[PDB]
């Protein structure tokens, strides 16, 4: 499957793509404002994620640091990134179907649209000003708006027992972005697409 990753933000981002134990394609790249990066993701990939990283510094060997979404200090991510990160999530070719979503379970850093470029399903978007409106206790100094699990490390926010409810903090994310997951047991906002669809992830879509 092809994913086109487009940075419509006015600032540079460092895109990342991983399935947690491996990079997808090159795993990461700098995207200046307006740039597009096309990656190939193997069919059958389960649990892939794409995200943006902000305020990164990398040396000539591809080692450094980002203020949001850092993946162990690498330009080319092999692992998932440090919150806060708005997440585009996908599992492809699962019994004939692809499943896509946007999640705020690991917080929010950059607004995002995640849409198919082929026929047969709709896209999803979270483009509200979550960082500007972020509750004081969730604000990340580096930028972004953390989720409550990251900040407080409680069973209720992290849904550790498999039983949890919505919270004041999850409802904040949900009010601003109804089409994104706001906590682990949120009513699913997953979209089912035809197997082997292609996609575009746009940072700062509006």
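Residue numbers count along the first chain shown, from 1.
Decide which of the stretches 164-172 and 59-67 has the higher mean C-alpha B-factor, going by the entry. On average, C-alpha B-factors are higher across 59-67.
Of 41-49 and 149-157, the one with larger mean CA B-factor: The recorded data point to 41-49.
Among the modelled residues of this chain, does the Cα B factor of residue 95 put it in the lowest, middle or highest third? It belongs to the highest third of the chain when residues are ordered by C-alpha B-factor.
Ranked by Cα temperature factor within the chain, is residue 74 in the lowest third, the middle third or the highest third? Ranked within chain, residue 74 CA B lands in the highest tercile.
B-factor third for the C-alpha atom of residue 17 within its chain: As the PDB entry reports it, the C-alpha B-factor of residue 17 lands in the middle third of its chain.
Comparing against every modelled residue in the chain, figure out the third that the C-alpha B-factor of residue 2 lands in (lowest, middle or highest). Middle third by C-alpha B-factor.
By the recorded C-alpha temperature factor, relative to the other modelled residues in its chain, which third is residue 198 in? Within its chain, residue 198 is a middle-third residue by C-alpha B-factor, going by the deposited values.
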